[PDB]
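Residue 175 in the authors' numbering is what sits at position 175 of the sequence shown, and the numbering runs on without skipping anything.
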Amino acid sequence: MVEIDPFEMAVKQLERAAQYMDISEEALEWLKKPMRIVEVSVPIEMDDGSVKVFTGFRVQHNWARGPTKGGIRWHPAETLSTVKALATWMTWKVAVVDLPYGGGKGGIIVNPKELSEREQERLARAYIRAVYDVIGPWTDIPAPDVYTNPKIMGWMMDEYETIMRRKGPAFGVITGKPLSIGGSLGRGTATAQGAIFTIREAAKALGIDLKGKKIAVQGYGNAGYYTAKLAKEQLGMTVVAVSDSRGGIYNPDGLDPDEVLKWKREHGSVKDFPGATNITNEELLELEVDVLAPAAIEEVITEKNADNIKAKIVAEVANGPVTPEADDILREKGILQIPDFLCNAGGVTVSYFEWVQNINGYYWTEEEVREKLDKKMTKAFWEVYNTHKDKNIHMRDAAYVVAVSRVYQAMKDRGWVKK
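Set out below in structure tokens:
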């Protein structure tokens, strides 16, 4: 009765969003099971002269469009179901911005805050010697995620280059590397620069002038910061309300997004910033602003606080903040929501340009990446909006129809599914 599984809930989104499209019944049973699951045992040697054996996974969902790509999680609450949900979530995130990629994810059941800097070096290498047979530059490309960093993706690249004996483009096996070993420029601002281009194109689609309007950003991590910072520079909007995990502040005359960080960098919160009016986390959503952006956590907009939202664009930067009970309540009010794999798709697009550079060998500049990131997201948003105008559906439901049909057409041309 009461079972909350991630993989069976990640299939239930696909079975819901298959009714809006004409898809054969032999492709629906192909997209519900990952094509290769490698579950390995990863042994390291501790500092006291002992051996511990952790568990490691690597799920590859679908390589119909190209080489599969996805992050690596290090968490003690990792299961095989929690990787297979994010594996089948990735193939609709590398398709809607039209990349030649497939989905994947991997994980190690470990607690990284109780390993020193030497044991993290042995754990990162001994993962690569266990799953070397299923990764590579043209086969499967890792990436950093929760509790990993670009420092660790340097070590995993060194162990792969030692096994390969340097007979191939070893700088392209793993993206999110440091700068001096073959990374890309303009990677720390990627997840928010994706959100700005889709917000700018949304108000152009909705017919809203933006010079002088007000944007409230919920959550003030590393992703919600630049969304506040770039809004005052590139867009021209006045940031009026931010928040962190404790509480929020408010000023309708502007909150300068640089100095709110340094106030938080001193203490650890944004409470009692000078020249503002402190509010809670809950009251930020029921404000009266031009564009709201949930960037903090999951399930913040549900059946209770759905109708009280007074905004015009709700750009879901964080991973699924709005629940589908609230999507019925918000859409009849005329609210343009941007889907969660369409607003933070800057993470995969710039980490794709770190794979294009390393394969060829010619490194691009900073402005050559931002001018190429704007070309993808503008086109990828106007494939999702124009599909929404035709079948008369929600933008979350219409972003799935474009995402599935590219994978289904790629399986049909390869001869995998006949009908």
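By construction, the Cβ of each residue, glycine as well, lies at the ideal position given by its N, Cα and C atoms.
query	result
Could you pull the start and end residues of the alpha helix (DSSP H) that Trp263 belongs to?	257 to 266
Express the C-alpha separation of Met1 and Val350 in angstroms, rounding to a whole number.	42 Å
Along the chain, which unbroken stretches of the alpha helix (DSSP H) at least 4 residues long are found entirely within the segment 21 to 100?	25 to 28, 81 to 90
With DSSP collapsed to three states, give me the class of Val110.	coil
Excluding sequence positions up to five away, which residues of its chain have a Cβ less than 7 Å from the Cβ of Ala228?	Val217, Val239, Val242, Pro257
Which ranges does the beta strand (DSSP E) cover as unbroken runs of at least 3 residues, wholly within the segment 275 to 305, from first to last along the chain?	291 to 294
Below 8 Å, can you find three or more Cβ-Cβ pairs linking the segment 45 to 63 to the segment 115 to 129?	yes
Please state the DSSP three-state secondary structure of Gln120.	helix
Does DSSP classify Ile196 as helix, strand or coil?	helix
So for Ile141, helix, strand or coil by DSSP?	strand
Take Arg187 and list the residues in its own chain whose beta-carbon comes closer than 6 Å to its own, dropping the five residues that flank it on each side.	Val350
Go through its chain and collect everything with a Cβ distance to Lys84's Cβ below 7 Å, but skip five positions before and after it.	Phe7, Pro34, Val59
Considering Cα atoms alone, identify which of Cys343, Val270, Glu286, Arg246 is closest to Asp374.	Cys343
If you draw a straight line from the C-alpha of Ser24 to the C-alpha of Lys419, how long is it?	7 Å
Please determine, among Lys177, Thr162, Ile199, the residue with the shortest C-alpha to C-alpha distance to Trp355.	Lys177
Would you identify the three-state DSSP class for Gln357, choosing helix, strand or coil?	helix
In the structure shown, what three-state DSSP assignment does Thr148 receive?	coil
Three Cβ pairs or more, each shorter than 8 Å: is that satisfied between the segment 308 to 319 and the segment 276 to 289?	yes
Pull up the DSSP beta-bridge partners for residue 431, would you.	Any property of residue 431 remains undetermined from this structure, which presents the chain solely from 1 to 419.
Counting along the chain, where does the beta strand (DSSP E) carrying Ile208 start and finish?	Neither: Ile208 is in no beta strand (DSSP E) and is coded neither H nor E.
Any idea which residues DSSP pairs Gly247 with across the strands?	According to DSSP, which records beta bridges pairwise, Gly247 is partnered with nothing at all.
Identify whether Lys177 lies in helix, strand or coil by the three-state DSSP scheme.	coil
Can a CB atom of chain D be found closer than 8 Å to the CB of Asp22?	Considering every chain present, this structure includes no chain D. It has just one protein chain.
Which whole-angstrom value is the C-beta distance of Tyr147 and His75, which I expect to be below 8 Å?	6 Å
Rounding to the nearest angstrom, what Cα-Cα distance links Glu371 and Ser50 in this structure?	52 Å
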